[PDB]
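Novice: Here the sequence shown stands for residues 19 to 285, numbered as in UniProt numbering.
Before I ask anything, let me first share the structure, which is written out below as structure tokens.
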Amino acid sequence: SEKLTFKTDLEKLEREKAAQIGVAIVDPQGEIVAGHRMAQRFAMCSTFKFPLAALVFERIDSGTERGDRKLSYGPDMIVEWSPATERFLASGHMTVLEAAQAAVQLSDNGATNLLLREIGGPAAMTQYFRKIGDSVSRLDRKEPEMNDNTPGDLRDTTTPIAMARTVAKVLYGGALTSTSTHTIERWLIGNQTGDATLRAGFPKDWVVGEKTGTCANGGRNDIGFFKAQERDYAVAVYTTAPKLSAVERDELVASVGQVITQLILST
Ligand SMILES: *C(=O)/C=C/N[C@@H](C(=O)O)[C@](C)(Cn1ccnn1)[SH](=O)=O
Ligand SMILES: C[C@](Cn1ccnn1)([C@@H](N)C(=O)O)[SH](O)O
């Protein structure tokens, strides 16, 4: 079966790369298409920034936040990998929309913390997950501590199936207005950090958008959506490979993308 090939090929990567690979693919209604270690806990790291943007747009939709609100900050806001936040520092602020775009498309960590402060912190992020029917995903810390990925630590974790269903809810399940949905989808497509990961394993003609993550202890993740053969899918991929190089971890995620492609095209 196509399903057996999918399992076998993922386990081949696990064995040869000494990795753990979590995968969930669901349809727009959140029904399972395929999975691997789908109920296993993995650190979200930067993948959570996609849900964070959804939270922000939900508040914009509800009129309790404005995209043009200026969020002021100083040097203390700058953390490792804050390319946009550093550029805007002299000006003294980034708007909500600028910060959200930087968080999603550049994985800017300063901008992420700036937004977290504005919307109510990890508590607010976790409440949002709960609100959209995700009882699993949880944010406990901010950048950079949330990326520690200490084995067995439940902080700042999700499971592939929980996250994939969250992506589906946000993009296909009416969590946001069509306008806000479209804005986030286009940001995901135009993301600048995912060229070497999941989408490098998908066919050139698929419409795909995604958000990457990188965790200590060899974490490399990618979540998002793709349209293939006129059907829409939500996908979450979490990997851990402590002994691989950074480039090899990119290649691993792209390889998982190729395995996903083979399954999807066989159906
Ligand atoms: C989202 O995935 C953010 C990841 N942040 C990591 C990373 O990109 O690997 C940081 C930047 C790792 N780090 C520490 C010192 N220099 N890079 S950090 O925010 O954990
Ligand atoms: C990998 C980054 C952060 N980064 C980039 C360069 N050094 N750190 C991480 N936040 C991610 O998205 O996985 S990003 O550029 O993709």
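Backbone N, C-alpha and C define an ideal beta-carbon position, used for all residues, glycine too.
So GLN38 is in the beta strand (DSSP E); what residue range does that whole segment cover?
Specialist: Segment 38-44, the beta strand (DSSP E) holding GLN38.
Novice: Using only alpha-carbon positions, find the residue among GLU49, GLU266 and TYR256 that is nearest to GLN38.
Specialist: That would be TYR256, whose Cα lies nearest to the Cα of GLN38.
Novice: Would you kindly work out how many angstroms separate the C-alpha atoms of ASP27 and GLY212, rounded to a whole number?
Specialist: Computed Cα separation, rounded: 22 angstroms.
Novice: Just to confirm before moving on: does the CB-CB distance between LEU115 and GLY138 stay below 8 angstroms?
Specialist: No, these two residues do not count as a Cβ contact at 8 angstroms.
Novice: Run the proximity test for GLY231: is its beta-carbon closer than 7 angstroms to any non-hydrogen atom belonging to ligand 2?
Specialist: Yes.
Novice: Nearest to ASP94 by CA position, among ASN127, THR175 and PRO140, is which residue?
Specialist: Here the closest residue by C-alpha is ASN127.
Novice: Is the segment 56-64 touching the segment 164-179, taking contact as three or more C-beta pairs under 8 angstroms?
Specialist: With the cut-off at 8 angstroms, the segment 56-64 and the segment 164-179 touch.
Novice: Any chance the segment 218-230 sits against the segment 44-53, with 3 or more Cβ pairs inside 8 angstroms?
Specialist: No: the two stretches stay apart, fewer than three of their Cβ pairs being nearer than 8 angstroms.
Novice: Below 8 angstroms between beta carbons: does that hold for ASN167 and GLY237?
Specialist: For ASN167 and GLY237, yes; Cβs fall inside 8 angstroms.
Novice: Report the residue ranges of all beta strand (DSSP E) runs contained in full by the segment 19-96; include only those spanning at least 3 residues, in chain order.
Specialist: Fully enclosed beta strand (DSSP E) runs of 3 or longer: 38-44, 50-54 and 88-90.
Novice: So what does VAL255 bridge to, in DSSP terms?
Specialist: For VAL255, which the question treats as bridged, DSSP gives the partners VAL41 and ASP240.
Novice: Can you grab the Cα-Cα spacing for the pair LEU270 / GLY110, in whole Å?
Specialist: Between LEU270 and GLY110, the C-alpha separation is close to 40 angstroms.
Novice: Looking at the strands, I want to know which residues DSSP matches up with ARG249.
Specialist: DSSP, once it has assigned bridges, lists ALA246 as partnering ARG249.
Novice: Taking all protein chains shown into account, do 16 or more other C-beta atoms lie within 10 angstroms of the C-beta of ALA118, making it buried, or fewer, making it exposed?
Specialist: Flag for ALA118 reads buried.
Novice: Please state whether DSSP places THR285 in a helix, a strand or coil.
Specialist: Residue state, collapsed to three classes: coil.
Novice: Relative to the C-alpha of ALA193, which residue among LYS67, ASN239 and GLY151 is closest?
Specialist: The candidate whose alpha carbon is nearest that of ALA193 is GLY151.
Novice: Counting only the same chain and skipping the five closest in sequence on each side, list residues whose C-beta sits under 7 angstroms from that of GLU228.
Specialist: Result list for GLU228: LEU206, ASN209, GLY212, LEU216, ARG217, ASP240, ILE241 and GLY242, in chain order.
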